[PDB]
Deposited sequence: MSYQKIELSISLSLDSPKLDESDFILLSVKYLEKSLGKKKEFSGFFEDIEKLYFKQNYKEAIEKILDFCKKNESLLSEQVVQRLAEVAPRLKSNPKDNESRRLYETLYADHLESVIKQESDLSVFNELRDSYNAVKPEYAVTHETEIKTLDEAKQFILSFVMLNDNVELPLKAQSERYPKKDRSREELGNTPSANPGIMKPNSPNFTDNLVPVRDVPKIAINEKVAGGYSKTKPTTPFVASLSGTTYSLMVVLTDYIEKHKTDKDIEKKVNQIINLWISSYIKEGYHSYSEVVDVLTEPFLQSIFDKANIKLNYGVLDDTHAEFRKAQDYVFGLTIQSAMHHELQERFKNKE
């Protein structure tokens, strides 16, 4: 019980949230347990990813109870007695921001492995026909996946016209928490969706780019910063996902018969999900929860296609390095608090 002082001085930190808790609780356990416990950890991953934070916390709090023989005794005094107070500010929730920008490079990772960019070279037909006013197609073929991102990110130019019909029928896009206060671009180096002036590892940093500044209207009627306090996000509720479904719907219906339609639809959805949390446009929830809308599932579920929603199995790499971030930030505060409770002396 030596290196556990740290996981308790991280709880003296006033800004611990739900995400920080799990990402530390799990490491405290793992680094103290070692066995039969790999259905806890693999599942806490699935639970953290789904942003079902307290479904997970109930597991931790009980595990801590069932395995208190194994557990250090007074950690749960502080692991608990902290759990009831946990909230998530979706402004300041960048433990999950790190996670998802890592999870975005690993979703890309798996997509490059499936090299068959056939769909993007044949979604180049739904585009042209579904959205008439834009430069047609890609002007050429999709040879790489970085020019596939380009296509997928041209489905933004299909906007305010062809998807307005689909944005109605949504019981949630009316509930956007965004603003028109119009704050404008600031410099950043922190990658993806994370904040410009928030810590990052020297190895995740991407080059300096000017990224936007978007705020939250906190006088909205439960429109996702409160509905989902957990999701960390920049500009709420997508907006162009309803425009993906304009291209995708006619595609899926023309190419419904093709046998690898799933093999080619999850690719479109998962390139999108990833190239938005990787380019900073959105957060997973901002792209998925739009598609978890029943009306959208309709054409999918009537083409006998499902959606993985960018879910993956080995996110231990992504869980990890998020644990070390929380640690770096939590005891960060400590040195800072002890630095300043020594300056005041």
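Not built in the structure, per the record, are deposited positions 1-3, 38-39, 351-352.
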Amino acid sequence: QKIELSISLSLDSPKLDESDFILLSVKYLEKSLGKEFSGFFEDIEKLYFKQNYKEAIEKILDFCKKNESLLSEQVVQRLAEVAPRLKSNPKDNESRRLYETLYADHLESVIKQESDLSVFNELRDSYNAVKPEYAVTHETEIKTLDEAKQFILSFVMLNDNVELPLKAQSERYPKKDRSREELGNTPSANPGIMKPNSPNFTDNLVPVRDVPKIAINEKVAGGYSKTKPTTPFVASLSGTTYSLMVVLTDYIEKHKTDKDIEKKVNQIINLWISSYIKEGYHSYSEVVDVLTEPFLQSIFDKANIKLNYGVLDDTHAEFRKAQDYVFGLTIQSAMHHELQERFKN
From here on, numbers count along this sequence of modelled residues.
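In this entry, 305-313 has the higher mean Cα B-factor, the comparison being between 281-289 and 305-313. Of the two segments, 180-188 and 140-148, the one listed with the higher mean B-factor is 140-148 (C-alpha atoms only). When the C-alpha B-factors of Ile273, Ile216, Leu153, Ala80 are ranked from the entry, the top spot goes to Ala80.
Considering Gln267, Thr202, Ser72, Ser109 together, the PDB entry gives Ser72 the largest C-alpha B factor.
Per the deposited record, the Cα B-factor of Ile261 falls in the highest third when ranked against the other modelled residues of its chain. Annotation for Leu248: CA B-factor lies in the middle third of the chain's modelled residues.
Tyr28: CA B factor lies in the middle third for its chain, per the PDB record. Sort the chain's modelled residues by C-alpha temperature factor and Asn93 lands in the lowest third, per the entry. Ranked within its chain, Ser38 lands in the highest third, by CA B factor from the PDB record.
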